[PDB]
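Asks: What follows is the file model-v4.pdb, containing PDB, C-alpha atoms:
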MODEL        1
ATOM      1  CA  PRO V 463      -3.522  30.928   0.970  1.00  0.00           C
ATOM      2  CA  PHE V 464      -7.026  32.210   0.139  1.00  0.00           C
ATOM      3  CA  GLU V 465      -8.048  29.371  -2.169  1.00  0.00           C
ATOM      4  CA  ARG V 466     -10.948  26.923  -2.382  1.00  0.00           C
ATOM      5  CA  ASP V 467     -10.545  23.152  -2.777  1.00  0.00           C
ATOM      6  CA  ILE V 468     -13.475  22.161  -5.003  1.00  0.00           C
ATOM      7  CA  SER V 469     -12.747  18.678  -6.388  1.00  0.00           C
ATOM      8  CA  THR V 470     -15.969  17.204  -7.790  1.00  0.00           C
ATOM      9  CA  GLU V 471     -14.201  14.146  -9.218  1.00  0.00           C
ATOM     10  CA  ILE V 472     -11.894  11.287  -8.222  1.00  0.00           C
ATOM     11  CA  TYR V 473      -8.167  10.555  -8.274  1.00  0.00           C
ATOM     12  CA  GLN V 474      -6.243   8.370 -10.721  1.00  0.00           C
ATOM     13  CA  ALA V 475      -2.682   7.573  -9.739  1.00  0.00           C
ATOM     14  CA  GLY V 476      -0.853   6.665 -12.931  1.00  0.00           C
ATOM     15  CA  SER V 477      -2.475   3.751 -14.735  1.00  0.00           C
ATOM     16  CA  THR V 478      -6.118   2.925 -14.034  1.00  0.00           C
ATOM     17  CA  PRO V 479      -8.895   5.169 -15.383  1.00  0.00           C
ATOM     18  CA  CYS V 480     -11.922   5.250 -13.102  1.00  0.00           C
ATOM     19  CA  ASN V 481     -14.657   6.683 -15.340  1.00  0.00           C
ATOM     20  CA  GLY V 482     -17.615   4.746 -14.000  1.00  0.00           C
ATOM     21  CA  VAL V 483     -15.532   1.637 -13.261  1.00  0.00           C
ATOM     22  CA  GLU V 484     -14.238   0.119 -10.024  1.00  0.00           C
ATOM     23  CA  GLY V 485     -10.648   1.353 -10.032  1.00  0.00           C
ATOM     24  CA  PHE V 486      -8.329  -0.168  -7.459  1.00  0.00           C
ATOM     25  CA  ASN V 487      -6.106   2.943  -7.430  1.00  0.00           C
ATOM     26  CA  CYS V 488      -8.700   5.598  -8.298  1.00  0.00           C
ATOM     27  CA  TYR V 489      -9.830   5.892  -4.640  1.00  0.00           C
ATOM     28  CA  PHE V 490     -13.303   7.373  -4.067  1.00  0.00           C
ATOM     29  CA  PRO V 491     -14.939  10.740  -3.261  1.00  0.00           C
ATOM     30  CA  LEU V 492     -14.859  12.469   0.121  1.00  0.00           C
ATOM     31  CA  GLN V 493     -15.543  10.285   3.144  1.00  0.00           C
ATOM     32  CA  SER V 494     -18.556  11.036   5.324  1.00  0.00           C
ATOM     33  CA  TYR V 495     -18.797  12.494   8.847  1.00  0.00           C
ATOM     34  CA  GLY V 496     -18.959  10.293  11.944  1.00  0.00           C
ATOM     35  CA  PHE V 497     -21.417  12.133  14.217  1.00  0.00           C
ATOM     36  CA  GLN V 498     -20.844   9.865  17.197  1.00  0.00           C
ATOM     37  CA  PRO V 499     -23.655  10.120  19.791  1.00  0.00           C
ATOM     38  CA  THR V 500     -21.650  10.781  22.974  1.00  0.00           C
ATOM     39  CA  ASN V 501     -17.851  10.577  22.894  1.00  0.00           C
ATOM     40  CA  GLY V 502     -14.745  12.638  23.591  1.00  0.00           C
ATOM     41  CA  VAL V 503     -13.257  15.609  21.776  1.00  0.00           C
ATOM     42  CA  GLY V 504     -12.053  13.250  19.045  1.00  0.00           C
ATOM     43  CA  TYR V 505     -15.731  12.610  18.263  1.00  0.00           C
ATOM     44  CA  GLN V 506     -17.238  15.827  19.687  1.00  0.00           C
ATOM     45  CA  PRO V 507     -18.002  18.026  16.653  1.00  0.00           C
ATOM     46  CA  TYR V 508     -17.730  21.799  16.942  1.00  0.00           C
ATOM     47  CA  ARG V 509     -19.271  24.639  14.933  1.00  0.00           C
ATOM     48  CA  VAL V 510     -17.072  27.640  14.146  1.00  0.00           C
ATOM     49  CA  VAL V 511     -17.412  30.987  12.364  1.00  0.00           C
ATOM     50  CA  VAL V 512     -14.908  33.541  11.055  1.00  0.00           C
TER      51      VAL V 512
ATOM     52  CA  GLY K  15      15.537  13.359   5.069  1.00  0.00           C
ATOM     53  CA  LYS K  16      14.226  14.426   1.674  1.00  0.00           C
ATOM     54  CA  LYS K  17      17.635  13.670   0.148  1.00  0.00           C
ATOM     55  CA  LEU K  18      17.342  10.008   1.157  1.00  0.00           C
ATOM     56  CA  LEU K  19      13.843   9.762  -0.328  1.00  0.00           C
ATOM     57  CA  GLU K  20      14.938  11.373  -3.598  1.00  0.00           C
ATOM     58  CA  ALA K  21      18.018   9.139  -3.834  1.00  0.00           C
ATOM     59  CA  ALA K  22      15.886   6.045  -3.212  1.00  0.00           C
ATOM     60  CA  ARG K  23      13.488   7.254  -5.911  1.00  0.00           C
ATOM     61  CA  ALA K  24      16.510   7.632  -8.216  1.00  0.00           C
ATOM     62  CA  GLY K  25      17.739   4.079  -7.562  1.00  0.00           C
ATOM     63  CA  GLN K  26      21.091   5.100  -6.059  1.00  0.00           C
ATOM     64  CA  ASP K  27      23.087   2.668  -3.906  1.00  0.00           C
ATOM     65  CA  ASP K  28      26.195   4.478  -2.658  1.00  0.00           C
ATOM     66  CA  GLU K  29      24.276   7.734  -2.181  1.00  0.00           C
ATOM     67  CA  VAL K  30      21.673   6.190   0.133  1.00  0.00           C
ATOM     68  CA  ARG K  31      24.367   4.154   1.893  1.00  0.00           C
ATOM     69  CA  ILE K  32      26.316   7.330   2.687  1.00  0.00           C
ATOM     70  CA  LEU K  33      23.164   9.283   3.592  1.00  0.00           C
ATOM     71  CA  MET K  34      21.877   6.706   6.081  1.00  0.00           C
ATOM     72  CA  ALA K  35      25.454   6.215   7.297  1.00  0.00           C
ATOM     73  CA  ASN K  36      25.706   9.989   7.834  1.00  0.00           C
ATOM     74  CA  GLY K  37      22.998  10.032  10.510  1.00  0.00           C
ATOM     75  CA  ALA K  38      19.789  10.678   8.597  1.00  0.00           C
ATOM     76  CA  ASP K  39      16.576   9.017   9.732  1.00  0.00           C
ATOM     77  CA  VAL K  40      15.834   5.719   8.000  1.00  0.00           C
ATOM     78  CA  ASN K  41      12.053   6.342   8.021  1.00  0.00           C
ATOM     79  CA  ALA K  42      11.981   9.872   6.615  1.00  0.00           C
ATOM     80  CA  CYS K  43       8.715  10.649   4.840  1.00  0.00           C
ATOM     81  CA  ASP K  44       6.912  13.493   3.095  1.00  0.00           C
ATOM     82  CA  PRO K  45       3.582  14.873   4.378  1.00  0.00           C
ATOM     83  CA  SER K  46       2.020  11.959   2.458  1.00  0.00           C
ATOM     84  CA  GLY K  47       4.015   9.522   4.616  1.00  0.00           C
ATOM     85  CA  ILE K  48       6.149   7.972   1.862  1.00  0.00           C
ATOM     86  CA  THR K  49       8.894   5.909   3.494  1.00  0.00           C
ATOM     87  CA  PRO K  50      12.084   5.038   1.579  1.00  0.00           C
ATOM     88  CA  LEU K  51      11.038   1.378   1.703  1.00  0.00           C
ATOM     89  CA  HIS K  52       7.759   2.403   0.058  1.00  0.00           C
ATOM     90  CA  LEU K  53       9.570   3.671  -3.046  1.00  0.00           C
ATOM     91  CA  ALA K  54      12.083   0.809  -2.847  1.00  0.00           C
ATOM     92  CA  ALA K  55       9.254  -1.723  -3.130  1.00  0.00           C
ATOM     93  CA  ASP K  56       7.568   0.496  -5.732  1.00  0.00           C
ATOM     94  CA  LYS K  57      10.485   0.541  -8.190  1.00  0.00           C
ATOM     95  CA  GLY K  58      11.968  -2.893  -7.447  1.00  0.00           C
ATOM     96  CA  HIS K  59      15.385  -1.794  -6.164  1.00  0.00           C
ATOM     97  CA  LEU K  60      16.463  -5.011  -4.449  1.00  0.00           C
ATOM     98  CA  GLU K  61      19.699  -3.632  -3.002  1.00  0.00           C
ATOM     99  CA  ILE K  62      17.825  -0.639  -1.564  1.00  0.00           C
ATOM    100  CA  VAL K  63      15.401  -2.932   0.273  1.00  0.00           C
ATOM    101  CA  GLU K  64      18.311  -5.057   1.496  1.00  0.00           C
ATOM    102  CA  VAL K  65      20.213  -2.014   2.787  1.00  0.00           C
ATOM    103  CA  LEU K  66      17.151  -0.584   4.546  1.00  0.00           C
ATOM    104  CA  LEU K  67      16.338  -3.894   6.234  1.00  0.00           C
ATOM    105  CA  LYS K  68      19.975  -4.380   7.279  1.00  0.00           C
ATOM    106  CA  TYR K  69      20.090  -0.883   8.793  1.00  0.00           C
ATOM    107  CA  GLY K  70      16.717  -1.375  10.496  1.00  0.00           C
ATOM    108  CA  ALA K  71      13.993   0.233   8.403  1.00  0.00           C
ATOM    109  CA  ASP K  72      10.349   0.115   9.441  1.00  0.00           C
ATOM    110  CA  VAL K  73       8.451  -3.076   8.600  1.00  0.00           C
ATOM    111  CA  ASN K  74       4.996  -1.454   8.999  1.00  0.00           C
ATOM    112  CA  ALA K  75       5.174   1.590   6.729  1.00  0.00           C
ATOM    113  CA  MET K  76       1.850   3.440   6.819  1.00  0.00           C
ATOM    114  CA  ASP K  77       1.058   6.074   4.181  1.00  0.00           C
ATOM    115  CA  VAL K  78      -2.136   8.109   3.738  1.00  0.00           C
ATOM    116  CA  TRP K  79      -4.010   5.274   2.019  1.00  0.00           C
ATOM    117  CA  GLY K  80      -2.524   2.619   4.319  1.00  0.00           C
ATOM    118  CA  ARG K  81      -0.244   0.976   1.754  1.00  0.00           C
ATOM    119  CA  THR K  82       2.642  -1.190   2.964  1.00  0.00           C
ATOM    120  CA  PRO K  83       5.906  -2.168   1.226  1.00  0.00           C
ATOM    121  CA  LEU K  84       4.628  -5.729   0.795  1.00  0.00           C
ATOM    122  CA  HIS K  85       1.424  -4.325  -0.714  1.00  0.00           C
ATOM    123  CA  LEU K  86       3.457  -2.709  -3.494  1.00  0.00           C
ATOM    124  CA  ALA K  87       5.659  -5.808  -3.697  1.00  0.00           C
ATOM    125  CA  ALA K  88       2.537  -7.799  -4.594  1.00  0.00           C
ATOM    126  CA  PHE K  89       1.098  -4.982  -6.739  1.00  0.00           C
ATOM    127  CA  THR K  90       4.171  -4.435  -8.924  1.00  0.00           C
ATOM    128  CA  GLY K  91       5.345  -8.057  -8.957  1.00  0.00           C
ATOM    129  CA  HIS K  92       8.787  -7.953  -7.343  1.00  0.00           C
ATOM    130  CA  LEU K  93      10.325 -11.318  -6.521  1.00  0.00           C
ATOM    131  CA  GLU K  94      12.806 -10.968  -3.655  1.00  0.00           C
ATOM    132  CA  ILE K  95      11.485  -7.728  -2.114  1.00  0.00           C
ATOM    133  CA  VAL K  96       8.512  -9.540  -0.598  1.00  0.00           C
ATOM    134  CA  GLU K  97      10.776 -12.444   0.389  1.00  0.00           C
ATOM    135  CA  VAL K  98      13.203 -10.242   2.319  1.00  0.00           C
ATOM    136  CA  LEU K  99      10.346  -8.254   3.877  1.00  0.00           C
ATOM    137  CA  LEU K 100       8.610 -11.418   5.100  1.00  0.00           C
ATOM    138  CA  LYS K 101      11.991 -12.588   6.395  1.00  0.00           C
ATOM    139  CA  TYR K 102      12.054  -9.326   8.361  1.00  0.00           C
ATOM    140  CA  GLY K 103       8.778 -10.360  10.000  1.00  0.00           C
ATOM    141  CA  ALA K 104       6.167  -8.518   7.958  1.00  0.00           C
ATOM    142  CA  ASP K 105       2.500  -8.951   8.800  1.00  0.00           C
ATOM    143  CA  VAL K 106       0.466 -10.992   6.325  1.00  0.00           C
ATOM    144  CA  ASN K 107      -3.055  -9.692   7.127  1.00  0.00           C
ATOM    145  CA  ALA K 108      -2.497  -5.936   6.904  1.00  0.00           C
ATOM    146  CA  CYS K 109      -5.684  -4.106   5.895  1.00  0.00           C
ATOM    147  CA  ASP K 110      -5.524  -0.680   4.255  1.00  0.00           C
ATOM    148  CA  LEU K 111      -8.284   1.938   4.062  1.00  0.00           C
ATOM    149  CA  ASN K 112      -9.908   0.031   1.188  1.00  0.00           C
ATOM    150  CA  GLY K 113      -9.528  -3.204   3.163  1.00  0.00           C
ATOM    151  CA  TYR K 114      -7.526  -4.816   0.348  1.00  0.00           C
ATOM    152  CA  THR K 115      -5.169  -7.479   1.667  1.00  0.00           C
ATOM    153  CA  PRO K 116      -1.837  -7.959  -0.149  1.00  0.00           C
ATOM    154  CA  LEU K 117      -3.057 -11.395  -1.246  1.00  0.00           C
ATOM    155  CA  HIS K 118      -6.009  -9.735  -2.985  1.00  0.00           C
ATOM    156  CA  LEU K 119      -3.651  -7.375  -4.827  1.00  0.00           C
ATOM    157  CA  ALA K 120      -1.345 -10.219  -5.857  1.00  0.00           C
ATOM    158  CA  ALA K 121      -4.282 -12.303  -7.098  1.00  0.00           C
ATOM    159  CA  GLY K 122      -5.803  -9.422  -9.048  1.00  0.00           C
ATOM    160  CA  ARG K 123      -2.416  -8.523 -10.543  1.00  0.00           C
ATOM    161  CA  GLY K 124      -1.576 -11.996 -11.883  1.00  0.00           C
ATOM    162  CA  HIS K 125       1.457 -12.767  -9.693  1.00  0.00           C
ATOM    163  CA  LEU K 126       1.215 -16.497  -8.994  1.00  0.00           C
ATOM    164  CA  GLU K 127       4.613 -16.759  -7.301  1.00  0.00           C
ATOM    165  CA  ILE K 128       3.809 -13.822  -5.012  1.00  0.00           C
ATOM    166  CA  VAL K 129       0.467 -15.406  -4.093  1.00  0.00           C
ATOM    167  CA  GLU K 130       2.151 -18.721  -3.294  1.00  0.00           C
ATOM    168  CA  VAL K 131       5.014 -17.191  -1.294  1.00  0.00           C
ATOM    169  CA  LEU K 132       2.520 -15.211   0.789  1.00  0.00           C
ATOM    170  CA  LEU K 133       0.425 -18.373   1.184  1.00  0.00           C
ATOM    171  CA  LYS K 134       3.446 -20.176   2.636  1.00  0.00           C
ATOM    172  CA  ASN K 135       3.705 -17.509   5.358  1.00  0.00           C
ATOM    173  CA  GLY K 136       0.249 -18.454   6.658  1.00  0.00           C
ATOM    174  CA  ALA K 137      -1.897 -16.141   4.562  1.00  0.00           C
ATOM    175  CA  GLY K 138      -5.598 -15.946   5.339  1.00  0.00           C
ATOM    176  CA  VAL K 139      -7.449 -17.303   2.317  1.00  0.00           C
ATOM    177  CA  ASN K 140     -10.764 -16.371   3.980  1.00  0.00           C
ATOM    178  CA  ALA K 141      -9.893 -12.666   4.240  1.00  0.00           C
ATOM    179  CA  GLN K 142     -12.587 -10.196   3.179  1.00  0.00           C
ATOM    180  CA  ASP K 143     -12.376  -6.633   1.883  1.00  0.00           C
ATOM    181  CA  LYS K 144     -14.676  -3.702   2.685  1.00  0.00           C
ATOM    182  CA  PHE K 145     -17.204  -5.088   0.172  1.00  0.00           C
ATOM    183  CA  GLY K 146     -17.057  -8.615   1.617  1.00  0.00           C
ATOM    184  CA  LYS K 147     -15.232 -10.061  -1.395  1.00  0.00           C
ATOM    185  CA  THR K 148     -12.204 -12.338  -1.076  1.00  0.00           C
ATOM    186  CA  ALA K 149      -9.172 -12.972  -3.263  1.00  0.00           C
ATOM    187  CA  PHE K 150     -11.133 -15.708  -5.055  1.00  0.00           C
ATOM    188  CA  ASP K 151     -13.831 -13.242  -6.134  1.00  0.00           C
ATOM    189  CA  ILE K 152     -11.232 -10.788  -7.447  1.00  0.00           C
ATOM    190  CA  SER K 153      -9.452 -13.624  -9.266  1.00  0.00           C
ATOM    191  CA  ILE K 154     -12.630 -14.877 -10.949  1.00  0.00           C
ATOM    192  CA  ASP K 155     -13.321 -11.254 -11.888  1.00  0.00           C
ATOM    193  CA  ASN K 156      -9.852 -11.244 -13.483  1.00  0.00           C
ATOM    194  CA  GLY K 157     -10.556 -14.583 -15.192  1.00  0.00           C
ATOM    195  CA  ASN K 158      -7.493 -16.525 -13.987  1.00  0.00           C
ATOM    196  CA  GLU K 159      -8.239 -20.258 -13.994  1.00  0.00           C
ATOM    197  CA  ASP K 160      -4.868 -21.453 -12.676  1.00  0.00           C
ATOM    198  CA  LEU K 161      -4.823 -18.757  -9.995  1.00  0.00           C
ATOM    199  CA  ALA K 162      -8.359 -19.742  -8.998  1.00  0.00           C
ATOM    200  CA  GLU K 163      -7.253 -23.377  -8.722  1.00  0.00           C
ATOM    201  CA  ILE K 164      -4.200 -22.569  -6.604  1.00  0.00           C
ATOM    202  CA  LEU K 165      -6.234 -20.273  -4.338  1.00  0.00           C
ATOM    203  CA  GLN K 166      -9.001 -22.861  -3.907  1.00  0.00           C
ATOM    204  CA  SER K 167      -6.492 -25.654  -3.216  1.00  0.00           C
ATOM    205  CA  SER K 168      -5.416 -24.103   0.098  1.00  0.00           C
ATOM    206  CA  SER K 169      -8.968 -22.983   0.947  1.00  0.00           C
TER     207      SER K 169
ENDMDL
END
What's the structure tokens form of this structure?

Replies:
Amino acid sequence: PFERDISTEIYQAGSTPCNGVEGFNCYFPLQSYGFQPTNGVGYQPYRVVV
Amino acid sequence: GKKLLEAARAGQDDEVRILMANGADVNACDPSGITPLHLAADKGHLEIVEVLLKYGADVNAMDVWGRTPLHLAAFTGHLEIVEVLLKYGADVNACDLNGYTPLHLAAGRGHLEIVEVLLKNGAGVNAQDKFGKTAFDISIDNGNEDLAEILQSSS
């Protein structure tokens, strides 16, 4: 509660370092956003403020 | 639920037998979606896999990344886990988020017997990943001549 997730790097599970190499378990950074042209609420983005 | 997962992670036979005979769900998972069969195929507990399949565990375990028990069977190099799971009726062309087929993992991990036993099931040699590469490309990246020969023989 009241914390920021700022992860400017990539995962490594237990074995494979992924420092500039294609790691099969290192995954990859955050996936992008699918701004679909005209679809349902599952693809209808919303903008919110607090 | 969590007790079964922890006991499976600990490699316990009678404990999991009693727990799943008590009435606990066979497909209990954490928020990351780790099934007991997932850990069973991870750590190579043959009796655990046998007990789960006899009691009716899920054959299509789906975690956050999309890994399957047969995926870890090919990754870790476990002999009879993949055999019993394919006897259950496991899919051979399951694609995870990375699009890595179990055959690709087995080829890249140097498990010739796993590659062959999946090939007997009707494995798709012409399967492609998210980058368009096949098991042959990963194998030649890994520099396995015999694996390349056995993969090209059925292609």

Asks: Using only C-alpha atoms, determine which residues of chain V fall within 10 Å of chain K; present them as a PyMOL selection string.

Replies: chain V and resi 486-487+489-490

Asks: Give me, as a PyMOL selection string, all polymer residues having an atom no more than 10 Å from residue 474 in chain V, counting all atoms listed in the file and skipping those fewer than 2 positions away in the same chain.

Replies: chain V and resi 471-472+476-481+485-490

Asks: Care to translate the PyMOL selection byres ((chain K and resi 21-28) around 7) into actual residues of this file, as a ChimeraX atom specification?

Replies: /K:17-20,29-32,50,53-54,59,62

Asks: Expanded to explicit residues, what is the PyMOL selection byres ((chain K and resi 75) around 12) for this file, as a VMD selection string?

Replies: chain K and resid 40 to 43 46 to 55 71 to 74 76 to 86 99 104 to 105 108 110

Asks: Would you pick out the contacts of range 506-512 of chain V at 8 Å or less, using all atoms listed in the file, so that residues sharing its chain but fewer than 6 positions from it are not included, and give the list as a PyMOL selection string?

Replies: chain V and resi 497-498+500

Asks: What does the distance from CA of residue 38 in chain K to CA of residue 58 in chain K come to in Å, to one decimal?

Replies: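 Separating CA of residue 38 in chain K from CA of residue 58 in chain K is a distance of 22.4 Å.
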
Asks: Can you tell me, as a list in words, what residues are no more than 12 Å from residue 168 in chain K when counting only C-alpha atoms, ignoring any on the same chain fewer than 5 positions away?

Replies: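 Final neighbour list, sorted by chain and number: residues 129, 130, 132, 133, 134, 136, 137, 138, 139, 140, 150, 161, 162 and 163 of chain K.
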
Asks: Mind pulling up the distance from CA of residue 106 in chain K to CA of residue 135 in chain K?

Replies: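 Taking CA of residue 135 in chain K as the start and CA of residue 106 in chain K as the end point, the length is 7.3 Å.
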
Asks: Excluding same-chain residues fewer than 4 positions from residue 492 in chain V, what lies within 12 Å of it counting only C-alpha atoms, as an MDAnalysis selection string?

Replies: chainID V and resid 467:473
